[PDB]
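The data block below is final_1.txt; it holds compact mmCIF, C-alpha atoms.
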```txt
# COMPACT_ATOMS: atom_id res chain seq x y z
CA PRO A 45 -92.86 -13.52 24.29
CA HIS A 46 -92.43 -15.89 27.30
CA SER A 47 -88.82 -14.82 27.92
CA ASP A 48 -86.63 -12.71 30.30
CA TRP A 49 -84.89 -11.49 27.12
CA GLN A 50 -87.04 -8.65 25.80
CA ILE A 51 -84.58 -8.15 22.97
CA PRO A 52 -84.89 -8.38 19.20
CA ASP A 53 -85.35 -11.65 17.26
CA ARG A 54 -81.96 -10.81 15.76
CA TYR A 55 -80.37 -12.28 18.89
CA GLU A 56 -81.02 -15.96 19.64
CA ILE A 57 -80.43 -16.72 23.34
CA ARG A 58 -78.35 -19.84 24.25
CA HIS A 59 -76.34 -20.27 27.58
CA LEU A 60 -75.99 -18.47 30.99
CA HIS A 68 -77.86 -12.01 34.57
CA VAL A 69 -75.68 -12.94 31.52
CA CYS A 70 -76.26 -15.18 28.48
CA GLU A 71 -74.49 -16.27 25.28
CA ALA A 72 -76.29 -15.41 21.98
CA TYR A 73 -75.92 -15.32 18.16
CA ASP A 74 -76.05 -12.11 16.12
CA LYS A 75 -77.47 -12.40 12.60
CA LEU A 76 -75.64 -9.21 11.52
CA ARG A 79 -70.96 -13.49 15.18
CA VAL A 80 -71.42 -14.86 18.73
CA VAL A 81 -71.90 -12.32 21.58
CA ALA A 82 -72.68 -12.01 25.31
CA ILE A 83 -75.83 -10.26 26.56
CA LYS A 84 -76.12 -8.90 30.10
CA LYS A 85 -79.51 -8.10 31.62
CA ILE A 86 -79.32 -5.50 34.35
CA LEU A 87 -82.31 -5.75 36.72
CA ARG A 88 -83.48 -3.09 39.19
CA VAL A 89 -81.54 -0.30 37.47
CA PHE A 90 -83.02 2.61 39.48
CA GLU A 91 -83.73 1.07 42.90
CA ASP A 92 -80.47 2.33 44.49
CA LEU A 93 -79.11 5.58 43.03
CA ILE A 94 -75.44 4.86 43.85
CA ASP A 95 -75.47 1.44 42.17
CA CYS A 96 -77.40 3.06 39.30
CA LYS A 97 -74.80 5.79 38.87
CA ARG A 98 -72.07 3.12 38.84
CA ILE A 99 -73.84 1.02 36.19
CA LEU A 100 -74.11 4.24 34.15
CA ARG A 101 -70.39 4.94 34.67
CA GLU A 102 -69.59 1.38 33.62
CA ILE A 103 -71.47 1.73 30.35
CA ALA A 104 -70.47 5.30 29.54
CA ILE A 105 -66.74 4.56 29.99
CA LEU A 106 -66.92 1.34 27.92
CA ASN A 107 -68.82 3.19 25.23
CA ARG A 108 -66.00 5.70 24.91
CA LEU A 109 -63.01 3.36 25.19
CA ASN A 110 -61.68 1.71 22.00
CA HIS A 111 -58.90 -0.86 22.21
CA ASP A 112 -58.43 -4.64 21.68
CA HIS A 113 -57.57 -5.11 25.30
CA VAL A 114 -60.73 -3.44 26.61
CA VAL A 115 -64.10 -5.21 26.24
CA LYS A 116 -66.52 -3.69 23.73
CA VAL A 117 -70.18 -2.74 24.03
CA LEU A 118 -71.76 -3.90 20.78
CA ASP A 119 -75.29 -2.61 21.48
CA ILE A 120 -77.70 -1.36 24.14
CA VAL A 121 -81.28 -2.33 23.47
CA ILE A 122 -84.12 0.17 23.15
CA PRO A 123 -86.21 0.09 26.39
CA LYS A 124 -89.90 -0.70 25.92
CA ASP A 125 -90.73 2.62 27.62
CA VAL A 126 -87.98 5.24 27.93
CA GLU A 127 -89.93 6.90 30.81
CA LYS A 128 -90.47 3.77 32.95
CA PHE A 129 -87.89 1.06 32.20
CA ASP A 130 -86.08 -0.45 35.19
CA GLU A 131 -84.08 -3.03 33.22
CA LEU A 132 -81.32 -2.87 30.56
CA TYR A 133 -79.84 -5.20 27.99
CA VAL A 134 -76.20 -4.60 27.15
CA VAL A 135 -74.70 -6.61 24.28
CA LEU A 136 -71.01 -7.35 24.74
CA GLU A 137 -67.96 -8.85 23.10
CA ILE A 138 -67.83 -12.35 24.50
CA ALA A 139 -64.75 -13.97 25.95
CA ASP A 140 -64.05 -17.62 26.71
CA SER A 141 -63.56 -17.03 30.40
CA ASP A 142 -62.01 -14.81 33.03
CA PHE A 143 -59.08 -15.05 35.44
CA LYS A 144 -61.25 -15.86 38.42
CA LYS A 145 -62.82 -18.91 36.70
CA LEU A 146 -59.45 -19.83 35.21
CA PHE A 147 -57.96 -20.00 38.70
CA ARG A 148 -60.80 -22.26 39.90
CA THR A 149 -60.06 -24.60 36.97
CA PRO A 150 -58.24 -27.91 37.48
CA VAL A 151 -55.49 -26.96 35.03
CA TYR A 152 -51.91 -25.76 35.39
CA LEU A 153 -50.16 -22.98 33.42
CA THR A 154 -46.54 -22.43 32.30
CA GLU A 155 -44.46 -19.36 33.03
CA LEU A 156 -45.00 -18.43 29.37
CA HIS A 157 -48.80 -18.40 29.75
CA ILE A 158 -48.60 -16.37 32.93
CA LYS A 159 -46.17 -13.97 31.33
CA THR A 160 -48.48 -13.61 28.33
CA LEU A 161 -51.59 -13.02 30.45
CA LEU A 162 -49.77 -10.60 32.71
CA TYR A 163 -48.50 -8.70 29.67
CA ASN A 164 -51.85 -8.40 27.93
CA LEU A 165 -53.48 -7.12 31.15
CA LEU A 166 -50.79 -4.46 31.54
CA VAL A 167 -51.13 -3.39 27.91
CA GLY A 168 -54.87 -2.84 28.39
CA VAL A 169 -54.37 -0.97 31.63
CA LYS A 170 -51.80 1.26 29.91
CA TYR A 171 -54.42 2.28 27.34
CA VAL A 172 -56.92 2.91 30.15
CA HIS A 173 -54.48 5.13 32.08
CA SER A 174 -53.67 6.96 28.79
CA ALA A 175 -57.40 7.80 28.57
CA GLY A 176 -56.98 9.36 32.00
CA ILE A 177 -58.86 6.63 33.86
CA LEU A 178 -57.88 4.70 36.97
CA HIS A 179 -59.85 1.45 36.98
CA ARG A 180 -59.66 1.39 40.76
CA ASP A 181 -61.15 -2.09 41.05
CA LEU A 182 -59.06 -4.59 39.12
CA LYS A 183 -59.69 -8.21 39.97
CA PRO A 184 -59.65 -11.69 38.48
CA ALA A 185 -63.38 -11.57 37.65
CA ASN A 186 -62.93 -8.51 35.45
CA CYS A 187 -59.86 -9.77 33.60
CA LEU A 188 -61.59 -11.49 30.68
CA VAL A 189 -59.50 -14.06 28.88
CA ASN A 190 -59.59 -16.13 25.74
CA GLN A 191 -57.97 -19.41 24.82
CA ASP A 192 -55.31 -17.53 22.82
CA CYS A 193 -54.30 -15.73 26.07
CA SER A 194 -55.66 -12.37 24.88
CA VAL A 195 -57.01 -10.35 27.81
CA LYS A 196 -59.79 -7.74 28.03
CA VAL A 197 -60.49 -5.47 30.97
CA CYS A 198 -64.12 -4.67 31.90
CA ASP A 199 -66.24 -3.44 34.82
CA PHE A 200 -65.41 0.25 35.04
CA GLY A 201 -68.23 1.02 37.56
CA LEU A 202 -65.81 2.36 40.20
CA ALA A 203 -63.31 3.86 37.75
CA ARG A 204 -62.08 7.46 38.08
CA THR A 205 -62.03 9.67 34.99
CA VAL A 206 -59.79 12.75 34.67
CA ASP A 207 -62.67 14.89 36.00
CA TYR A 208 -63.07 13.10 39.33
CA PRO A 209 -61.89 15.32 42.18
CA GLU A 210 -58.52 14.26 43.56
CA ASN A 211 -59.54 14.82 47.20
CA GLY A 212 -62.51 12.50 46.60
CA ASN A 213 -66.11 13.73 46.52
CA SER A 214 -66.49 13.70 50.32
CA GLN A 215 -69.95 12.21 50.95
CA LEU A 216 -71.48 11.87 54.44
CA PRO A 217 -71.85 8.34 55.81
CA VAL A 245 -67.83 -6.50 47.77
CA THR A 246 -64.25 -7.90 47.91
CA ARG A 247 -61.27 -5.87 49.12
CA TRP A 248 -58.47 -8.35 48.48
CA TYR A 249 -57.00 -6.39 45.54
CA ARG A 250 -57.11 -2.90 47.04
CA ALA A 251 -53.92 -0.91 47.49
CA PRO A 252 -53.15 0.20 51.05
CA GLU A 253 -53.81 3.88 50.16
CA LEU A 254 -57.24 2.90 48.81
CA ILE A 255 -58.09 0.75 51.81
CA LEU A 256 -57.04 3.79 53.89
CA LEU A 257 -59.22 6.05 51.74
CA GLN A 258 -56.32 8.52 51.32
CA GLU A 259 -57.47 9.64 47.87
CA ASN A 260 -54.97 11.52 45.63
CA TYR A 261 -54.70 8.18 43.85
CA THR A 262 -52.27 7.43 41.03
CA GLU A 263 -51.64 4.68 38.53
CA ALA A 264 -50.05 3.04 41.54
CA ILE A 265 -53.43 1.70 42.79
CA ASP A 266 -53.98 -0.37 39.68
CA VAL A 267 -50.39 -1.59 39.75
CA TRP A 268 -51.01 -2.97 43.23
CA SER A 269 -54.15 -4.75 42.09
CA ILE A 270 -52.26 -6.22 39.13
CA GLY A 271 -49.59 -7.39 41.58
CA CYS A 272 -52.29 -9.24 43.55
CA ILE A 273 -53.55 -10.87 40.34
CA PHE A 274 -49.93 -11.74 39.50
CA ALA A 275 -49.72 -13.73 42.76
CA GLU A 276 -52.71 -15.80 41.72
CA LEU A 277 -51.27 -16.30 38.21
CA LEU A 278 -48.06 -17.61 39.81
CA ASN A 279 -50.12 -20.02 41.91
CA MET A 280 -51.18 -21.69 38.63
CA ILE A 281 -47.80 -23.47 38.51
CA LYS A 282 -47.86 -27.06 39.81
CA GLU A 283 -44.68 -26.58 41.87
CA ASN A 284 -46.09 -23.55 43.78
CA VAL A 285 -49.52 -25.01 44.60
CA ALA A 286 -50.17 -28.76 44.31
CA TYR A 287 -53.99 -28.98 44.17
CA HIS A 288 -56.19 -26.38 42.49
CA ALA A 289 -58.61 -26.16 45.46
CA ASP A 290 -55.75 -24.82 47.63
CA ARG A 291 -55.25 -21.76 45.37
CA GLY A 292 -56.34 -18.43 46.80
CA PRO A 293 -55.72 -14.71 46.90
CA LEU A 294 -52.45 -13.50 48.36
CA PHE A 295 -54.05 -11.02 50.83
CA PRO A 296 -57.37 -12.41 52.09
CA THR A 317 -63.55 -0.62 59.73
CA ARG A 318 -63.14 -4.30 60.86
CA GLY A 319 -62.76 -5.57 57.28
CA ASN A 320 -60.25 -2.82 56.47
CA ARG A 321 -58.15 -3.54 59.55
CA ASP A 322 -57.77 -7.30 58.84
CA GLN A 323 -56.99 -6.45 55.21
CA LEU A 324 -54.19 -4.06 56.27
CA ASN A 325 -53.15 -6.62 58.92
CA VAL A 326 -52.88 -9.46 56.44
CA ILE A 327 -50.89 -7.19 54.06
CA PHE A 328 -48.52 -6.39 56.98
CA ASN A 329 -48.12 -10.00 58.07
CA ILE A 330 -46.65 -10.85 54.59
CA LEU A 331 -44.78 -7.66 53.50
CA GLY A 332 -44.12 -6.27 56.99
CA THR A 333 -45.20 -2.96 58.50
CA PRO A 334 -44.02 0.15 56.60
CA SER A 335 -41.05 2.49 57.26
CA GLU A 336 -41.52 5.55 59.39
CA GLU A 337 -40.51 7.25 56.16
CA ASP A 338 -43.30 5.47 54.22
CA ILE A 339 -45.87 6.11 56.93
CA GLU A 340 -44.89 9.78 56.61
CA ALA A 341 -45.71 9.81 52.87
CA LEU A 342 -49.38 9.06 53.65
CA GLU A 343 -51.54 12.08 52.76
CA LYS A 344 -53.51 12.36 56.02
CA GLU A 345 -52.26 12.74 59.61
CA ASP A 346 -55.05 10.57 61.08
CA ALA A 347 -53.98 7.62 58.87
CA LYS A 348 -50.42 7.99 60.13
CA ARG A 349 -51.40 7.57 63.81
CA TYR A 350 -53.56 4.60 62.80
CA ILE A 351 -50.83 2.78 60.84
CA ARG A 352 -48.42 3.39 63.74
CA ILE A 353 -50.78 1.45 66.07
CA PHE A 354 -50.23 -1.84 64.19
CA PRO A 355 -47.38 -3.72 65.93
CA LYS A 356 -44.05 -3.38 64.02
CA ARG A 357 -43.25 -6.57 62.09
CA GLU A 358 -40.85 -8.02 59.55
CA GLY A 359 -42.02 -9.31 56.20
CA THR A 360 -41.63 -12.76 54.76
CA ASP A 361 -39.62 -13.30 51.59
CA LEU A 362 -42.09 -13.70 48.69
CA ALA A 363 -39.57 -15.79 46.74
CA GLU A 364 -40.16 -18.62 49.30
CA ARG A 365 -43.87 -18.43 48.57
CA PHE A 366 -43.31 -19.12 44.82
CA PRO A 367 -40.19 -21.32 44.71
CA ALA A 368 -40.83 -22.61 41.15
CA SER A 369 -41.05 -19.15 39.60
CA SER A 370 -38.10 -17.38 38.01
CA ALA A 371 -36.21 -14.53 39.67
CA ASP A 372 -37.54 -12.06 37.08
CA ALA A 373 -41.14 -12.94 38.00
CA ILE A 374 -40.54 -12.51 41.75
CA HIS A 375 -38.48 -9.33 41.32
CA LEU A 376 -41.39 -7.84 39.39
CA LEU A 377 -43.99 -8.96 41.90
CA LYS A 378 -42.00 -7.49 44.76
CA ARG A 379 -41.84 -4.20 42.88
CA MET A 380 -45.59 -4.10 42.25
CA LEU A 381 -46.43 -4.88 45.91
CA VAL A 382 -44.87 -1.96 47.74
CA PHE A 383 -46.64 0.13 50.33
CA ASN A 384 -45.55 3.63 49.25
CA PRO A 385 -47.30 4.36 45.93
CA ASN A 386 -44.39 6.72 45.14
CA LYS A 387 -41.90 3.79 45.21
CA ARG A 388 -44.24 1.31 43.47
CA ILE A 389 -43.30 0.27 39.96
CA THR A 390 -45.18 2.18 37.24
CA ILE A 391 -47.07 0.50 34.37
CA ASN A 392 -44.50 1.56 31.77
CA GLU A 393 -41.60 0.16 33.85
CA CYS A 394 -43.65 -3.03 34.13
CA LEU A 395 -43.96 -3.38 30.35
CA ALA A 396 -40.18 -2.80 30.02
CA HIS A 397 -39.26 -5.35 32.73
CA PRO A 398 -37.09 -8.31 31.59
CA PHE A 399 -39.82 -10.77 32.55
CA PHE A 400 -41.66 -9.82 29.30
CA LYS A 401 -38.65 -9.83 26.96
CA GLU A 402 -39.86 -12.94 25.11
CA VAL A 403 -43.51 -11.81 24.71
CA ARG A 404 -43.22 -8.05 24.24
CA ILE A 405 -44.52 -6.43 21.07
CA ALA A 406 -44.20 -2.67 21.75
CA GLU A 407 -46.54 -1.79 18.82
CA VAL A 408 -49.68 -3.13 20.60
CA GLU A 409 -48.77 -0.83 23.55
CA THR A 410 -50.83 2.07 22.13
CA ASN A 411 -52.23 5.16 23.88
CA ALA A 412 -55.63 6.88 23.73
CA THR A 413 -55.88 9.82 21.31
CA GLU A 414 -57.69 11.74 24.06
CA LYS A 415 -59.04 11.54 27.61
CA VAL A 416 -62.53 10.19 28.32
CA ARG A 417 -64.90 13.01 29.25
CA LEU A 418 -68.29 11.94 30.53
CA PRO A 419 -71.28 14.19 29.75
CA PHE A 420 -72.20 14.19 33.48
CA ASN A 421 -70.56 14.66 36.86
CA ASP A 422 -70.47 11.08 38.13
CA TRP A 423 -68.87 12.02 41.43
CA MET A 424 -72.01 13.96 42.28
CA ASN A 425 -75.34 12.87 43.68
CA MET A 426 -77.29 12.45 40.46
CA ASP A 427 -81.06 12.03 40.99
CA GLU A 428 -83.15 9.54 38.98
CA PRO A 429 -84.32 11.94 36.26
CA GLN A 430 -80.67 12.84 35.50
CA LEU A 431 -79.72 9.14 35.46
CA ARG A 432 -82.57 8.09 33.11
CA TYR A 433 -81.73 10.90 30.69
CA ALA A 434 -78.01 10.05 30.67
CA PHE A 435 -78.76 6.34 30.09
CA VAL A 436 -80.95 7.17 27.12
CA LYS A 437 -78.19 9.37 25.74
CA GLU A 438 -75.90 6.33 25.97
CA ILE A 439 -78.54 4.23 24.21
CA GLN A 440 -78.77 6.88 21.47
CA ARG A 441 -75.17 5.99 20.47
CA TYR A 442 -76.59 2.70 19.13
CA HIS A 443 -80.18 3.72 18.40
CA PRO A 444 -80.13 7.46 17.73
CA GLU A 445 -83.85 7.55 16.79
CA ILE A 446 -84.72 6.79 20.39
CA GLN A 447 -86.87 9.43 22.06
CA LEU A 448 -85.47 11.17 25.16
CA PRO A 449 -87.61 11.18 28.31
CA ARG A 450 -89.57 14.38 28.91
```

As C-alpha cells, how would this structure be written, given the file I've shared?
Amino acid sequence: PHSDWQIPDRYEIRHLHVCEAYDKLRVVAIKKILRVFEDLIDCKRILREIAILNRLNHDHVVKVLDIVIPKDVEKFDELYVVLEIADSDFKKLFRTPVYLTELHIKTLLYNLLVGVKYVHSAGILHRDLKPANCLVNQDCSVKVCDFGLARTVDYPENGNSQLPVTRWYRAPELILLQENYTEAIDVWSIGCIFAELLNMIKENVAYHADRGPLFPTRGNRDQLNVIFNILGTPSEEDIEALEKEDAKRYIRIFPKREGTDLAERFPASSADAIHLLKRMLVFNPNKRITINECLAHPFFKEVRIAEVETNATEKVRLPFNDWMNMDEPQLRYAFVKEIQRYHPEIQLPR
C-alpha cells in the first residue's frame, strides 16, 4: 500500500536497498533485493549469500531473521531479507571523524578473527573480506556478512573453469587466479583491514580524510604492482610456489624491488601489532600466518577469551551446485526452498 516495502504490517519501516525497522514479535534491518533474476551470475551469488547465512550459526556471523513470502512464487523478481542489525561497519567507521585506541583495534581485530575461525571450521572461505562486510557495534562486537563469493567445501579446488567491484583486499594468489585457495586468502584480507584499523590512531594518520586502504588485466597489474611497491617483489623461491607456470613468468616480468618497512608506516603502533601485520601480509600463502596462530599471538593476550573461539559442528552443504551454471528455474526453486525455512507453508513453483 503505497510503499517499496511489500512486507507484513508486523514490520514498521523507519530509516535507510536497506532500511531499519521494528519487529512486533526487537529492532532489525531489512534489505530489499531488486532485479533478482536479471543476471544469472549475480542471482546465483545472492542465492549463495542467503543459503550460507541461513546455515551458519554463531554470534560473530550476521543472522537472517526472516525471508518474506513473495507475492507470486512463479514471477517475483524482488526479495526482502530481514537481518540482525548492527550499529555500523568498518568501512563507515573508518570514514568517521573519530580516533581509536590500540585496545579498540585489538578488540575489533580479535572479534573478526573469531568469526572467521568459525566460518573456516564450517569449511567456508569467505574469499571477499572487506571493511563494508565487517559489521560492528558500539560494544566492539563484530559480525561477518556478505558470503556471495564464498567457497563451500564442495567448490572445486581447481576452480570451475568458465569461458570468458573492489580488489584492494585480495590476496596475490586470488588476484592471480591461481585457485587451490586456503585459509590464507582470508588472512591476507584481514591483514589489509588491520592496516586500516591501525590508521585509526591519531599518531599514524592526522586527519580522518587522509585514511585509506593500504594497497589501492590492467586493474590486476596495478594491484600486484602496488603490493610489490610496499612489500617488495617475491623470492624466486616464493615465485616457484605459485601453482601455475604462466603466473610464474608473469610475476618475473615485474622489476625486482625491495620492500619498505611497515613499522615506519605505523610508528605509533606497538611492536606486537606490526609483527602480526607483517605475518598476515606475506606473498606465499604457505608462509602466511594461519587464523589459529593469529588468535594465539601476543597482541591479543589482554582481550582473548578462548571459550568464544568455537567451531562449527559440521560443514555447510548447499542443496545445489553453486559453482555450476544454474538456469533461472533452478534458481527460483532453490530460493523458495530457502524461504521455506521461515515460511514452510509456501508453495514451490511448478

Selection near residue A:334, 12 Å with all atoms listed in the file, sequence-local residues under 6 positions removed, as a ChimeraX atom specification:
/A:252,324-325,327-328,340-342,348,351-359,382-385

Limited to C-alpha atoms, could you put the picked residues into a file as a compact mmCIF listing (two decimals), in the frame of the given file?
```txt
# COMPACT_ATOMS: atom_id res chain seq x y z
CA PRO A 252 -53.15 0.20 51.05
CA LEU A 324 -54.19 -4.06 56.27
CA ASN A 325 -53.15 -6.62 58.92
CA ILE A 327 -50.89 -7.19 54.06
CA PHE A 328 -48.52 -6.39 56.98
CA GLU A 340 -44.89 9.78 56.61
CA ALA A 341 -45.71 9.81 52.87
CA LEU A 342 -49.38 9.06 53.65
CA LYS A 348 -50.42 7.99 60.13
CA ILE A 351 -50.83 2.78 60.84
CA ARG A 352 -48.42 3.39 63.74
CA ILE A 353 -50.78 1.45 66.07
CA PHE A 354 -50.23 -1.84 64.19
CA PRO A 355 -47.38 -3.72 65.93
CA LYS A 356 -44.05 -3.38 64.02
CA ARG A 357 -43.25 -6.57 62.09
CA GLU A 358 -40.85 -8.02 59.55
CA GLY A 359 -42.02 -9.31 56.20
CA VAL A 382 -44.87 -1.96 47.74
CA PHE A 383 -46.64 0.13 50.33
CA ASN A 384 -45.55 3.63 49.25
CA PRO A 385 -47.30 4.36 45.93
```

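The shortest atom-to-atom distance to residue A:422, with only C-alpha atoms taken into account, belongs to A:203 out of A:178, A:203, A:187, A:57.
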
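For residue A:145, the list of residues within 9 Å, based on all atoms listed in the file and with local chain neighbours fewer than 3 positions off taken out, reads residues 141, 142, 148, 149, 184 and 185 of chain A.
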
Spatial neighbours of residue A:107, max dist 9 Å, all atoms listed in the file, sep filter under 6 positions, as a short mmCIF file (atom, residue, chain, number, x, y, z; two decimals) with C-alpha atoms, keeping the file's coordinate frame:
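Writing the result to around-v7.cif gives the following:
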```cif
data_model
loop_
_atom_site.label_atom_id
_atom_site.label_comp_id
_atom_site.auth_asym_id
_atom_site.auth_seq_id
_atom_site.Cartn_x
_atom_site.Cartn_y
_atom_site.Cartn_z
CA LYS A 116 -66.52 -3.69 23.73
CA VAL A 117 -70.18 -2.74 24.03
CA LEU A 118 -71.76 -3.90 20.78
CA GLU A 438 -75.90 6.33 25.97
CA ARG A 441 -75.17 5.99 20.47
#
```

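One distance worth recording is that between atom CA of residue A:249 and atom CA of residue A:265, which is 9.3 Å.
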
For the contact check between stretch 265-393 of chain A and stretch 400-419 of chain A, emit one row per residue of stretch 265-393 of chain A within 10 Å, containing the shortest atom pair and the distance in Å rounded to one decimal, counting all atoms listed in the file, chain then rising number order, as a tab-separated table.
```
residue	atom	partner	partner_atom	distance
A:372	CA	A:400	CA	9.1
A:373	CA	A:400	CA	9.3
A:392	CA	A:409	CA	9.6
```

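The residue that comes closest to residue A:343, out of A:152, A:268, A:248, A:261 and on the basis of only C-alpha atoms, is A:261.
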
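We find atom CA of residue A:129 and atom CA of residue A:204 to be spaced 27.2 Å apart.
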
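Near residue A:130, within 7 Å and counting all atoms listed in the file, sit residues 87, 88, 89 and 90 of chain A; same-chain residues fewer than 6 positions away were not included.
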
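Nearest to residue A:167 of all the residues A:109, A:99, A:72, A:195 is A:195, counting all atoms listed in the file.
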